[PDB]
Structure formats: C-alpha cells, structure tokens
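K.L.:
need a structure here:
(chains A and B)
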Amino acid sequence: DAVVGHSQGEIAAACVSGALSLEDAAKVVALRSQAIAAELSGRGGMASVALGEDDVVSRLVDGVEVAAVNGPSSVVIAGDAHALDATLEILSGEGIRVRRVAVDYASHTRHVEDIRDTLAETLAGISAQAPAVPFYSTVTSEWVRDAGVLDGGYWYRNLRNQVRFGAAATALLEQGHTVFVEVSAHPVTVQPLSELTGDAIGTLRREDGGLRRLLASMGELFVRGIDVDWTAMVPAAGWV
Amino acid sequence: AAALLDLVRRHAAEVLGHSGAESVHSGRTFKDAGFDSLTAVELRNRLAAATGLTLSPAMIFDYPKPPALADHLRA
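P.N.:
Numbers count the residues shown, from 1 in each chain, chains lettered A, B, ... in the order given. Below is the structure:
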C-alpha cells in the first residue's frame, strides 16, 4: 500500500515507487556510491545512542551533527572521527549505552556539501514521474506525487539532510498503516517498530540465507491474515 | 504471585524451546537466557494472550528479571 525508505534505501523506494526507471535508479545510486567512495572515504564514522533527540543533543559536543532520529529512544549521529571519539569517551564516562559503526565517513552532514557540484555534473534532472505506488519520503516527511520532483538535487538533499524516521513511523501509524514488512537480508529496524507498534517482520537473517527462512517469512505474513499465492511455489501432483 | 512467575517461566521456556520453567531460573535476566527482540515480542504476545492485559513489546528491557515482570503483571 505504501513504501518507505531509509537513507540509500529510499533509492530502492523510488526504484519501486514507479516514479523512476530501473536503469535510472541503478545509474543514480551507482554514481552516488562512486562519488562517496571517491571523496568521503576515510573521513569519519557513525555512532548510535539508544536515546531520543533531546538526550543526545543535551550533551553533544562541537563537531557532531545528529545523523538520524530513528524514534523516541533511538538517535544516530555522524561527524568527524575524533569529535565522535571525544563524544563517545564522554558518554562512556556517563555510562549511557552507545555503539559505533565500521564506517570511514559521515553522512547527512556538512561533508555532503563538498561534492554537490560533482553530483550535479554526474547526472541531474532525471525523468522523475508520478510514483504509481504512493511513496512517503523521509527527507520531507511527506508523500511526493508530482513528476520531476525526484531530481538529482533531491538525492543530494537526501544525502545532505537528516531523517525523521520515528516521526514518519508514528505518522504512518496514524494513517492507518499497521503491517510493516522489512525487505532486508538481516533484521535491521524491526526492534524500534516493535517498540512503536509491535507488528513487523524481517525478510531474511544473517547466516540464514536458505529457503526455509524465506518460507517462514511468508508464513508469518500469511498468519496475520494477508493472502499469499502459495500455489506458485508448489506445482500440481498426483491424487492423495 | 508464585503461579504467575511459574507461568511466565514456562511460557518463556516454550518460546525459547527450553525444557520448562525450571530450566530458566527466575534470577537470570531475560537477555542472559538468549532472548532477542523478536523473541521478546513473541513472549509479549504469549503473556498478553495468557493474561489478557495490555502489554507493551518493550517491557523486557524494563524488567529483565522474571520476578519483576511477574510482580508488575500482578498489579
């Protein structure tokens, strides 16, 4: 019924929303990743805290931007490597649970402003259409229904601006959306959604890429009342 | 609330496939037994169905001690 992304995932959202083309989205994400590799590499890291925006902001030292607000108690920050080091040492002294990500850059920060020109030169003004699938973005926290809006500048801003993930989740809950299925090889964000509504399903699992995990996934989907085209999996056979 | 604690331990054991209530000591924390978020949600569903009360999926982090969760369910 609706499609929501998160950072690069939003690209796939476009690729499935019908507003873009498969080749268009593939090329755009390829050029975005290539630019990030060429420039952003070796320049920072991501740190997550199991706290809200208020708690993180109240003790954030200079040199750190809030990367994303995943909810009332899940906030991730991106910035310079050593500024994040000082911040994590401070919180370690405070004892608040935190985590680091093995990343050599910082997204959704001022660093994105370094290669806006390069992003424009790569490709801009892609033929964005009206998405066939009603697509709710997180950059604007609002559905986009108009052709041409999803331009290269839009992707630059998406890489540049933050994520109001938790607020978007609450809004979708208020919009009557209850079933939230995650398309990921590993459970990624089912926990915050469970804390929010308690009904979400992961697709696959790390080290569990077998068919059994997939079948179990569609089974859990079917149990909650959603119709499933089972007969495609199994062909006809003899009489029993 | 002894019956409540026994039922909680048995339900958690069946969620994780353990032998029974004894196999999961009440003194052990929920995370120590090997519970994870989805499994915690499954135990939330189990306990909510068992008692009929409105139970949040995130109570496991608030009361990692099974006796604490049982006493909360008592009230």
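K.L.:
neighbours around the closest residue to residue A:104 other than its chain neighbours, how many?
P.N.:
What sits nearest to residue A:104 in space, not counting adjacent residues and going by CB to CB, 6 or more residues apart in numbering or on different chains, is residue A:42, at 4.8 Å. Using the backbone N, CA and C atoms, a C-beta is placed for each residue, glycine as well. Residue A:42: 8 surrounding residues under other CB atoms under 10 Å in any protein chain shown.
K.L.:
and residue A:42, how close does it get to residue A:160?
P.N.:
Distance, residue A:42 to residue A:160, by CB to CB, to the nearest Å: 20 Å.
K.L.:
would you confirm that residue A:188 belongs to a helix?
P.N.:
No: read with DSSP: H, G, I helix; E, B strand; the rest coil, residue A:188 is coil and lies in no helix.
K.L.:
which ones are touching it?
P.N.:
By CB atoms under 8 Å, 6 or more residues apart in numbering or on different chains, the contact list for residue A:188 reads A:182, A:202.
K.L.:
do you know how far it is from residue A:182?
P.N.:
Distance, residue A:188 to residue A:182, using CB to CB: 6 Å.
K.L.:
which neighbours do these two share?
P.N.:
Common neighbours of residue A:188 and residue A:182 (CB under 8 Å, 6+ apart) are residue A:202.
K.L.:
how close does residue A:109 get to residue A:83?
P.N.:
In this view, residue A:109 and residue A:83 are 11 Å apart by CB to CB.
K.L.:
neighbour-wise, which of these two wins?
P.N.:
A side-by-side neighbour count of residue A:109 and residue A:83, using other CB under 10 Å, places residue A:109 first with 23 against 18.
K.L.:
my guess is the more buried one contacts residue A:76. True?
P.N.:
No: using CB atoms under 8 Å, residue A:109 is not in contact with residue A:76, being 11.8 Å away.
K.L.:
list residues touching both of those two?
P.N.:
With CB under 8 Å, 6+ apart, residue A:109 and residue A:76 have common neighbours residue A:67.
K.L.:
show me the contacts for residue A:85.
P.N.:
The contact partners of residue A:85, taken as CB under 8 Å, 6+ apart, number zero.
K.L.:
so it: helix, strand or coil?
P.N.:
With three-state DSSP as the basis, residue A:85 sits in helix.
K.L.:
near chain B, which residues of chain A are found?
P.N.:
A:187, A:190-191, A:194-195, A:198, A:202 (CB under 8 Å from any CB of the partner chain).
K.L.:
will you turn these into a markdown table that also has neighbour count and distance to residue A:98?
P.N.:
A markdown table is the format used below for the residues of chain A next to chain B (neighbours: other CB atoms under 10 Å in any protein chain shown; distance: CB to CB, whole Å):
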| residue | neighbour count | distance to residue A:98 |
| --- | --- | --- |
| A:187 | 18 | 20 |
| A:190 | 19 | 21 |
| A:191 | 20 | 16 |
| A:194 | 20 | 21 |
| A:195 | 20 | 18 |
| A:198 | 16 | 25 |
| A:202 | 20 | 24 |
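K.L.:
hmm, back to that, isn't there a strand covering the residue nearest to residue A:104?
P.N.:
No: using three-state DSSP, the secondary structure at residue A:42 is coil, not a strand.
K.L.:
would you quantify the distance from it to residue A:36?
P.N.:
Distance from residue A:42 to residue A:36, by CB to CB: 12 Å.
K.L.:
overlap in contacts, those two.
P.N.:
Contacts common to residue A:42 and residue A:36, judged by CB under 8 Å, 6+ apart, are residue A:105.
K.L.:
torsion angles phi and psi at residue A:201?
P.N.:
Dihedral pair for residue A:201: phi -130, psi 140, per degrees, to the nearest 10.
K.L.:
how many neighbours does residue B:4 have?
P.N.:
With other CB under 10 Å as criterion, residue B:4 counts 19.
K.L.:
who's in contact with residue A:13?
P.N.:
Residue A:13 sits in contact with A:3-5, A:135, A:137, where contact means CB under 8 Å, 6+ apart.
K.L.:
can you give me the helices for chain B?
P.N.:
Assigned by DSSP state H, the helices in chain B fall at B:2-16, B:37-51, B:59-62, B:66-74.
K.L.:
send the alpha carbons of the strand ranked longest in chain A over as PDB?
P.N.:
Ranked by residue count and defined by DSSP state E, the top strand of chain A is strand A:64-71. Below are the C-alpha coordinates for strand A:64-71, written out as PDB (Å, rounded to 0.1, in the frame of the first residue of the first chain):
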ATOM      1  CA  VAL A  64      28.900  16.400  15.600                       C
ATOM      2  CA  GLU A  65      25.600  16.600  13.700                       C
ATOM      3  CA  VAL A  66      22.600  14.400  14.500                       C
ATOM      4  CA  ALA A  67      22.500  12.000  11.600                       C
ATOM      5  CA  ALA A  68      19.000  10.500  12.100                       C
ATOM      6  CA  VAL A  69      16.200  10.400  14.600                       C
ATOM      7  CA  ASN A  70      15.000   6.800  14.500                       C
ATOM      8  CA  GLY A  71      12.500   7.300  17.200                       C
END
